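The structure appears right after this line, and notes come after that.
Chain A is the first sequence line, chain B the second, and so forth, proteins listed ahead of strands; every chain is numbered from 1. Values below: all heavy atoms of this structure, side chains included; hydrogens, waters and symmetry mates excluded.
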Amino acid sequence: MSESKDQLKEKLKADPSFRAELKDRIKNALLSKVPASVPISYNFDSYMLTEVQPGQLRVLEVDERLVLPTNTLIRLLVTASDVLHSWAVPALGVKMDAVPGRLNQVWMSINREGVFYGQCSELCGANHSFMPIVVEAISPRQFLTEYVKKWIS
Amino acid sequence: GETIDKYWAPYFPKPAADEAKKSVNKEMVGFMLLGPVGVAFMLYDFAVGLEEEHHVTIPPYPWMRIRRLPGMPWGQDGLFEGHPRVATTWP
Amino acid sequence: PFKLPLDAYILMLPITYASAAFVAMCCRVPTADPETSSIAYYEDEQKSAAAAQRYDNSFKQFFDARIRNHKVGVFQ
Amino acid sequence: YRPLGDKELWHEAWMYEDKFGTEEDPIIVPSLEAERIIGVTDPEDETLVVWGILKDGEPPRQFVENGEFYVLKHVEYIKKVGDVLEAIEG
Amino acid sequence: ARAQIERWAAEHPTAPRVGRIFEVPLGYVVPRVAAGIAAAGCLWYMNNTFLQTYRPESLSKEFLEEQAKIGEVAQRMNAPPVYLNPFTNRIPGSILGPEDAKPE
Amino acid sequence: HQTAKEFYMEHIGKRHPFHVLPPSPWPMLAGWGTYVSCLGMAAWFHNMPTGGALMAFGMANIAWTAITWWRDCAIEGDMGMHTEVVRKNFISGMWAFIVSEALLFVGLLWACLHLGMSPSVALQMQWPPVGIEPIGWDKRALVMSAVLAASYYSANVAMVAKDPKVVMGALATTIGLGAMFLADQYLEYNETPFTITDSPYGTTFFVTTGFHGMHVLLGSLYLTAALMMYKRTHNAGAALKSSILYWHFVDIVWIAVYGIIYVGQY
Amino acid sequence: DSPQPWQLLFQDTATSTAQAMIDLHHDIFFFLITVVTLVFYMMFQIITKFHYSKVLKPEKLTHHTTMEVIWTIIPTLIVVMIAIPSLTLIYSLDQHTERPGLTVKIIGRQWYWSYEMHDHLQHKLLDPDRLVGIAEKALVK
Amino acid sequence: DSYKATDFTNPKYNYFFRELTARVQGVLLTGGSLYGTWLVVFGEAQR
Amino acid sequence: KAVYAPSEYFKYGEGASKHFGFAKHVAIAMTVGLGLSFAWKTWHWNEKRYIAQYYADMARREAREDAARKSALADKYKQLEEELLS
Amino acid sequence: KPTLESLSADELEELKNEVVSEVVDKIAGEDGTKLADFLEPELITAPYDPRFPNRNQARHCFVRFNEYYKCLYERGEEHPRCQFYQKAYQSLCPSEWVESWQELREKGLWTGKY
Amino acid sequence: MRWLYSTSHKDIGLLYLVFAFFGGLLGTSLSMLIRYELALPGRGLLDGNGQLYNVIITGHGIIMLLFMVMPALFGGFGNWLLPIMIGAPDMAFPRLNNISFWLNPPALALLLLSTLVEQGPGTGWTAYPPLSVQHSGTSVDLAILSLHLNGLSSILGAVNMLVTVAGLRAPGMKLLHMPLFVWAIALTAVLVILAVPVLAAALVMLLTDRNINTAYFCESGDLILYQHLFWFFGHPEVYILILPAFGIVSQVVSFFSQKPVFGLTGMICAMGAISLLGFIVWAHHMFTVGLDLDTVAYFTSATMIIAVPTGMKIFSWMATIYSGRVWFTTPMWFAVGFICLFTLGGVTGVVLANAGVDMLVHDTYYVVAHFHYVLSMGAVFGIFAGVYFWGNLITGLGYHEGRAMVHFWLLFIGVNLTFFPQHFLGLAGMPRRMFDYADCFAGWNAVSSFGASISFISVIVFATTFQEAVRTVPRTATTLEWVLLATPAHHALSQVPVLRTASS
Amino acid sequence: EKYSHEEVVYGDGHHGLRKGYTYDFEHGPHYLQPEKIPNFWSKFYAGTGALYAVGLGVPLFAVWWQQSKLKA
Ligand code: HEA
Ligand code: HEA
Ligand SMILES: [Cu+2]
Ligand SMILES: [Mg+2]
């Protein structure tokens with residue numbers, strides 16, 4: 001009734017095997033308090049800014065950057081929809097062509113935070129000069145605790 | 001009678017009658033090895049031509065009947081195509 | 001025609017090396033992973049993974065011990 | 001005359017003569033005109049070619065150093081050696 | 001080898017043989033190449049001055065002075081700002097940005 | 001004119017065995033015919049009205065210019081302007097043209113080998129694509145291979161024969177065998193259950209077999225033109241030898257075409 | 001990060017791969033400087049010392065087997081000395097020997113880039129055995 | 001005595017093949033070239 | 001009296017290459033090229049030393065925030081310890 | 001009263017569950033909104049398949065997309081390996097490719113068996 | 001009638017030289033619009049049109065590649081100088097030589113007409129799909145048909161050249177006594193015959209993709225296949241344009257040094273090794289398209305081998321000048337400049353061969369600076385070296401030496417100040433084929449646009465160098481065109497010369 | 001005559017100055033005699049100027065033509 005509860009506590013005091021088993025039961029019950037897995041997803045476009053302000057760079061500036069954590073192995077799958085393009089960021093040493101039908105992968109590990117600028121490196125038409133690339137590099141804890149919460153529905 | 005060919009002919013001798021017939025029969029052996037049988041099967045093929053039919057309609061897959069530009073330079077259907085297979089009104 | 005001089009055989013050693021490497025690279029492509037005309041090649045996961053790792057490791061395994069030691073430059 | 005084996009029958013020999021032209025005995029070059037271009041190699045180097053021009057009615061002339069001497073002679077026919085004189089086989 | 005040299009020197013009599021490396025004197029060459037360079041500079045200046053249909057607002061002196069106030073600093077939408085190109089401008093590794101420095 | 005032959009013998013013919021031509025109008029006309037036919041072809045691609053007629057007009061002009069050029073060459077052969085070394089140079093030029101056509105076909109079959117070996121996700125990685133019923137090797141294509149091998153051997157007969165009747169009959173047999181290779185390729189092009197617009201398989205099949213059929217037609221016409229020069233004077237010279245060389249080249253090309261497309265299903 | 005005015009060499013780097021590329025470039029430039037210096041100095045000296053005002057008549061020198069073999073064999077050693085680090089750099093581009101932390105699907109259009117992601121975020125109790133022992137001593141008394 | 005009426009290389013056919021064609025073709029190429037240039041430069045593509 | 005070809009070349013060694021000193025000039029060129037190349041490589045090595053010092057000082061900074069993070073976590077553990085013991 | 005010397009295994013198991021739950025609801029919460037300081041986040045992406053060693057990964061995308069529907073046909077709808085296949089192809093395949101493949105499947109233009 | 005119906009090789013070669021000069025003028029005009037749009041940040045004279053800028057760079061690249069250097073070196077100096085140099089009375093096929101020339105004005109006309117149709121062919125000179133396929137209209141078809149006609153022209157010319165060298169040599173003259181220009185032209189013909197039909201097949205596939213709705217390079221095709229075929233053509237193409245320059249530089253340097261060429265067999269073997277290696281290295285243009293690392297590995301290792309034969313050729317030229325009696329004239333300065341400045345164009349090619357470094361500088365101005373060193377200063381200097389060398393023989397006109405030196409110094413200064421700053425732009429990451437750039441790239445762009453105007457001025461000054469000639473009589477030479485009168489007769493070598501081997 | 005095969009083969013046996021030439025290019029010592037065209041240096045500079053004009057003005061006309069179609 002309640003002494004059997006106290007007798008179970010006394011058996012916790014006495015038997016090390018029962019103590020370890022109930023410790024494992026506590027561990028199993030605490031894992032049932034952990035929130036379940038949630039999906040992080042987005043789909044946004046990046047356009048060049050027509051008019052810049054001081055502190056920004058002309059031609060190279062976009063409206064929506066790409067946010068990537070540092071010290072983390074990132075898989076980048078580069079592709080295209082209509083013609084050929086090329087994703088080039090000279091700071092990161094990445095330049096891979098975007099081919100309609102292919103899915104070219106890059107493995108990349110960023111050592112420091114910063115802002116990295118790039119442009120398209122394959123002739124794609126009239127506005128080949130106006131498709132810039134900006135990558136925003138932050139710490140992994142900021143990316144995992146603050147940025148990904150912006151994409152949770 | 002005084003052409004350039006006849007003028008230079010004694011300085012270009014031909015490299016040396018029944019040997020020609022021997023060579024002709026040697027090549028004619030390989031000719032009749034495949035000659036009459038190929039012609040016979042092709043004459044058989046010319047009479048078994050546009051008589052059989054296929055009614056195997058094909059669904060409009062993305063790789064079938066590519067129309068990046070509308071139509072063809074000579075019309076709607078392809079050239080040499082009298083019996084179009086890809087299906088229209090795909091149920 | 002003429003007698004090849006002593007330079008041209010010192011030329012012909014890396015030229016023969018390059019021609020042999022070109023022939024080998026041409027030959028080993030239809031014995032690789034993505035050159036399969038079926039979706040049923042990948043339903044056998046053991047053989048597919050073994051063949052693809054064999055294609056990975058060849059000519060790379062001669063470089064792993066210097067990849068691990070950052071031998072990526074003439075000087076250090 | 002040099003051995004006419006492996007020589008084309010229309011190469012007009014005098015070029016295939018068995019003589020070294022000296023000052024007191026030059027090699028007589030036949031020609032259809034008053035001047036003609038001929039080519040002489042270096043006696044010490046097969047790879048080097050000197051082209052010279054011989055003129056009708058001139059002294060013997062040497063083109064390369066330590067080479068043959070030459071005198072041009074205007075003729076109406078040049079013996080097309082290979083069927084002209086080895087068909088004679090005199 | 002000498003006779004073709006002497007023949008080419010007779011068919012080209014304006015080429016001098018005086019015993020110097022630059023056979024044509026520099027008093028002839030330098031003024032004319034200077035005049036050609038001057039004409040090229042005039043064409044370049046004419047292109048710069050009269051052949052522009054849009055001058056960017058990021059090159060005006062107000063933009064330039066307001067940019068020189070800021071320096072080589074990039075903003076972030078998720079973090080404090082950061083100094084751009086830290087190796088060539090010799091920022092030490094302890095300092096990441098302007099605002100995170102907070103000078104002593 | 002009567003001293004033109006005398007001047008030629010005095011200055012060119014008696015001095016070297018090579019052939020020096022008088023001035024000719026056909027290269028310029030052939031070049032501007034190519035200009036007109038290229039304009040017509042570009043207009044016919046995009047369905048511009050009276051564009052196909054312009055392309056046909058330019059092609060007809062190129063054909064007429066080439067026919068008159070070749071008639072002039074045949075006339076120059078019949079008047080004994082070509083020595084033996086000139087005919088050897090003719091065969092050398094035919095060998096160079098054969099090498100160029102060979103690399104054209106190498107580039108064409110490179111596409112078949114590339115596209116057939118590794119199908120893409122756009123095809124749902126299946127070669128040949130679903131719906132496409134490929135043409136088999138155990139049928140009319142084997143009859144074509146037999147007929148073209150017989151044409152190879154019959155053209156080989158006329159190269160070595162010395163009886164003129166044997167040469168004429170062998171050439172006529174080779175030409176008639178070549179015409180049966182094309183009249184049956186037309187039946188393949190009519191019975192085939194796919195189009196040049198249906199998948200890269202249909203694309204590569206039709207383009208490569210069409211280029212081969214065009215070369216077969218050119219070789220058959222060249223063998224026909226070499227026979228009529230022999231039907232007149234019982235001598236053809238370089239016209240017989242070069243046409244036989246071109247025909248053997250076409251035969252060798254069919255081996256690669258059959259063994260890559262029909263057997264390898266590429 | 002971003003380019004600068006009057007810049008000569010590469011930009012600054014944020015990965016070890018790009019710094020390896022730049023170091024390989026500077027290692028190649030080490031050999032190129034010596035090659036260009038030797039060519040330019042020897043050309044200048046040959047030009048000045050063999051002008052016709054210095055030379056009465058030239059010398060016959062068509063071949064020299066030793067020097068031909070020397071300038072054939074020295075650049076081949078330079079080629080193979082360059083090639084092995086470049087081959088090592090090419091093969092080190094795949095770095096899948098870790099756990100990947102992120103997928104980014106970059107799509108190139110006319111005329112804007114498009115960025116995608118679809119991952120899953122899950123949480124894990126940081127060092128639970130200390131909390132397990134805390135619960136153990138909370139339940140034992 | 002070595003040419004017939006059927007012969008393609010008959011010298012009685014030399015004027016028609018080598019002189020009349022060199023002017024008829026020479027003006028037809030011009031009249032086709034100008035029309036083709038106008039058709040390409042000032043034409044509207046329907047495909 | 002015939003037309004003689006003139007002496008057109010010296011033999012290699014007794015003309016105007018006896019005073020050239022080919023090996024000396026090659027040694028001078030290689031010395032100058034190696035000196036310039038070693039100056040360039042010294043500059044590159046100095047830059048790499050600066051990059052290594054930068055990343056070392058960055059790691060020295062980065063160790064400090066995460067020590068004070070786990071110290072704060074241990075302080076929260078010491079609070080929750082007496083939360084279940086009071 | 002049933003003591004520990006007289007209780008069975010199932011009643012003892014229920015008592016263990018009650019003893020654990022009544023205190024861990026105080027520690028972590030009934031839902032778990034108190035562990036946020038002791039929780040470590042981690043992002044899950046599709047793993048490296050050794051079957052696909054090249055840089056072009058469109059075949060990896062296509063194979064995972066087909067394996068999901070094979071898992072759905074064979075091992076029910078909610079088997080964990082089926083969600084492994086789903087979260088592996090969603091981590092790799094661009095969404096335009098995916099929606100094209102479902103509209104092909106809806107049209108009847110899919111060459112797969114299942 | 002003389003210049004429309006010609007069968008002589010000397011007239012057809014001169015027609016090639018004039019047509020190449022016209023193509024150089026057109027390309028120089030198209031190159032000033034590029035450097036005048038690129039002088040300042042923002043929008044220049046093109047009014048912010050990017051399609052027009054793409055059309056301009058496409059037309060400029062195609063014209064300067066195919067219609068300037070190729071007809072000048074291969075069709076120009078080759079047709080004029082080959083039968084004289086070997087002793088042939090004519091070409092082997094004299095009417096084929098005329099249709100070789102007469103297919104070039106229709107090709108240039110179609111290329112210039114493509115600019116005025118629709119919005120033009122803005123694709124680049126490589127014409128990569130699906131950008132070439134997406135273009136509505138007719139202009140891209142005209143540009144590709146221009147490419148077909150030019151390719152057929154080059155194939156027919158190579159056929160004539162190869163039958164001429166093989167079968168019409170002078171008696172007694174083997175393939176050992178030909179000068180190095182003949183060897184260069186013969187190896188160039190071999191490369192043309194082997195490489196151009198691959199381009200013809202690739203462009204036929206492009207036409208069928210554009211117009212016939214086929215599936216060569218499309219959704220269901222393979223877009224890397226076009227780059228494979230195109231660069232398998234295109235890398236032998238750049239050695240086609242550079243081997244006659246090697247031959248010309250050998251002839252010029254040998255002449256004015258009073259010495260034969262050092263290491264003749266080594267020179268021929270180096271040219272042959274360059275010719276053979278040019279067919280197996282082609283995917284060094286495709287490092288960033290997503291090829292497997294073994295392919296990249298091989299093409300990196302194989303591309304660096306081409307440095308050794310070129311280094312032997314350069315050191316052999318320097319040994320040819322060594323221990324001579326050298327007289328520095330205007331063609332001599334165009335060959336010393338070739339040797340000193342082609343080295344700067346090849347050392348950056350070594351850097352571009354290494355694929356790790358090429359990940360940073362692909363499609364930047366480092367590439368542009370490299371290939372304007374090897375073309376504007378290797379091939380153009382070779383063209384201009386032979387104009388001041390053989391010009392009085394070919395045209396009959398002399399030249400003023402002072403104005404030619406003025407022209408040389410202007411060109412030399414204007415090209416070392418146009419493309420030397422383009423190295424620093426490419427190392428800092430400025431992309432190719434762009435007209436609006438970032439604000440920090442302004443200084444080197446201004447310097448490069450300053451150099452282009454000096455180049456244009458040197459183009460203008462070249463027209464003023466011609467003058468009347470003085471004609472003399474020849475006795476002896478080392479090559480067969482320097483015993484002829486200037487100009488030679490319509491049938492030069494009235495008697496076929498023979499080479500007599502002495503008793504030795 | 002005038003259409004014989006000998007006319008096709010050996011050409012037409014013309015001797016001397018062709019129509020408006022001042023020198024025999026076919027059978028004289030030089031195939032190009034530039035000091036014998038009357039007013040040679042005037043026509044030479046006229047042709048050079050026309051060549052420079054066309055080769056430097058065709059691209060500008062193409063720029064003007066495309067930009068005049070957008071400005072409509
Ligand atoms: C033959 C090769 C060649 C030559 C000589 C040149 C010459 C010049 N080029 Fe370039 N260029 C290319 C080949 C060449 N180019 C190619 C292939 C492209 C790429 C196109 C594409 O991307 O699709 C390009 C593109 C290109 C760019 C890159 C633009 C971009 O990325 O968008 C630039 C930028 O500065 C440039 C400028 C110049 C300048 C200022 C010259 C100056 O040298 C000006 C020329 C001056 C000369 C003196 C040369 C003319 C020669 C003669 C007139 C001699 C003729 C004489 C006789 C026949 C007797 N051109
Ligand atoms: C004249 C034509 C010409 C010539 C001769 C060359 C010669 C070379 N080229 Fe280039 N190239 C082009 C024309 C040419 N190229 C063009 C037009 C492009 C751009 C195409 C486009 O996209 O539009 C291009 C681009 C190009 C690329 C592709 C880069 C890219 O587009 O991303 C590469 C990569 O390997 C390359 C390398 C080389 C090499 C190694 C040589 C070698 O042959 C050079 C060899 C010479 C030397 C190396 C110097 C001499 C050697 C010595 C003095 C000995 C010392 C040397 C050592 C010790 C190593 N060049
Ligand atoms: Cu290349
Ligand atoms: Mg590229």
message: Only pairs of heavy atoms separated by less than 4.5 Å count here; which of A:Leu103, A:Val83, A:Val148 has the most with chain G?
response: A:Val83
message: With chain G as the partner, which of A:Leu84, A:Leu31, A:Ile133, A:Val94 has the greatest number of non-hydrogen pairs under 4.5 Å?
response: A:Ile133
query: For the residue pair A:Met108 and G:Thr15, what are the closest heavy atoms and their distance?
result: CG-CG2, 4.1 Å
statement: Among A:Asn111, A:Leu30, A:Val78, the residue with the most heavy-atom pairs under 4.5 Å to chain G is A:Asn111
query: Taking side chain as C-beta onward, heavy atoms only, is G:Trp111 less than 4.5 Å from A:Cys124?
result: yes
query: Which bit of A:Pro100 is near chain G, if near means a heavy-atom gap under 4.5 Å: side chain, backbone, both or neither?
result: neither
- prompt: Is it the side chain or the backbone of A:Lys149 that comes within 4.5 Å of chain G heavy atoms, both, or neither?
  reply: side chain
message: If you count every heavy atom of other residues, nucleotides or ligands that lies below 6.0 Å from G:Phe30 atom CZ, does the total exceed 12?
response: yes
query: Of all of A:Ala98, A:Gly93, A:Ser81, which one pairs up most often with chain G through heavy atoms under 4.5 Å apart?
result: A:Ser81
query: Relative to chain G, which segment of A:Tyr42 carries a heavy atom at a distance below 4.5 Å: side chain, backbone, both, or neither?
result: both
- request: Flag the one option from G:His118, G:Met21, G:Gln11 with the top tally of heavy-atom pairs under 4.5 Å to chain A.
  value: G:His118
- line: When the 4.5 angstrom heavy-atom criterion is applied to A:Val38 and chain G, the contacting part is both
statement: Honestly, the part of A:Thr70 sitting under 4.5 Å from a heavy atom of chain G is neither
- prompt: Per the side chain to side chain contact (heavy atoms under 4.5 Å, CB included) rule, which among A:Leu68, A:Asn71, A:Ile138 passes with A:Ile110?
  reply: A:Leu68
- line: Scored by heavy-atom pairs under 4.5 Å with chain G, the best of A:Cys120, A:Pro140, A:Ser41, A:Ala36 is A:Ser41
statement: So, the part of G:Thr13 with a heavy atom under 4.5 Å from chain A: the answer is both
task: Evaluate whether atom CD of G:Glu98 has more than 12 neighbouring non-hydrogen atoms of other residues, nucleotides or ligands under 6.0 angstrom away.
output: no
task: Go through the side-chain N and O atoms of A:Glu146 and A:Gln142 and say whether any donor and acceptor fall under 3.5 Å apart.
output: no
- request: Sort out for me which of G:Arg99, G:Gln122, G:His120 touches chain A most, counting heavy-atom pairs under 4.5 Å.
  value: G:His120
statement: Whatever's closer than 4.5 Å to a heavy atom in chain G on A:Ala137 counts as neither
Winner by heavy-atom pair count (cut-off under 4.5 Å) against chain A, out of G:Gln19, G:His123, G:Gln110: G:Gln110
Proximal component of A:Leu57, with respect to chain G [non-hydrogen, under 4.5 Å]: side chain
- prompt: Is G:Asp12 paired with A:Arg112 through a side-chain N to carboxylate O contact shorter than 4.0 Å?
  reply: no
task: With a 4.5 Å cut-off on heavy-atom pairs, point out which of G:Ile106, G:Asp129, G:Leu139, G:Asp119 contacts chain A the most.
output: G:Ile106
task: Look at G:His96, G:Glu116, G:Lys124 and state which one has the largest set of heavy-atom pairs under 4.5 Å with chain A.
output: G:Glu116
task: Decide yes or no for A:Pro69 and G:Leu102: does some side-chain heavy atom of the first lie under 4.5 Å from some side-chain heavy atom of the second?
output: yes
- prompt: Should A:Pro90 and A:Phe116 count as side-chain neighbours, where that means a heavy-atom distance under 4.5 Å?
  reply: no
query: Which region of A:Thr72, side chain (C-beta onward) or backbone (N, CA, C, O), has a non-hydrogen atom less than 4.5 Å from a non-hydrogen atom of chain G, or is it both or neither?
result: side chain
- prompt: Can you name the closest pair of heavy atoms from G:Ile33 and G:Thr37 and give their distance?
  reply: O-OG1, 2.6 Å
task: Return the minimal non-hydrogen interatomic distance between G:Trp113 and A:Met131, and the atom names on each side.
output: NE1-O, 3.3 Å
field: Min side-chain heavy-atom separation G:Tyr115-A:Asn43 under 4.5 Å
entry: no
task: Please look at A:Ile26 and chain G and tell me whether the side chain, the backbone, both or neither of the residue comes under 4.5 angstrom of a heavy atom of that chain.
output: side chain
field: Aromatic plane relationship, G:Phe10 with G:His26 - under 30° parallel, 30 to 60° tilted, over 60° perpendicular
entry: tilted
statement: Counting heavy-atom pairs under 4.5 Å with chain A, the top scorer among G:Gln95, G:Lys105, G:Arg109 is G:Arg109
- line: Of A:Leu12, A:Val106, A:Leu66, A:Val34, the largest count of non-hydrogen pairs under 4.5 angstrom with chain G goes to A:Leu66
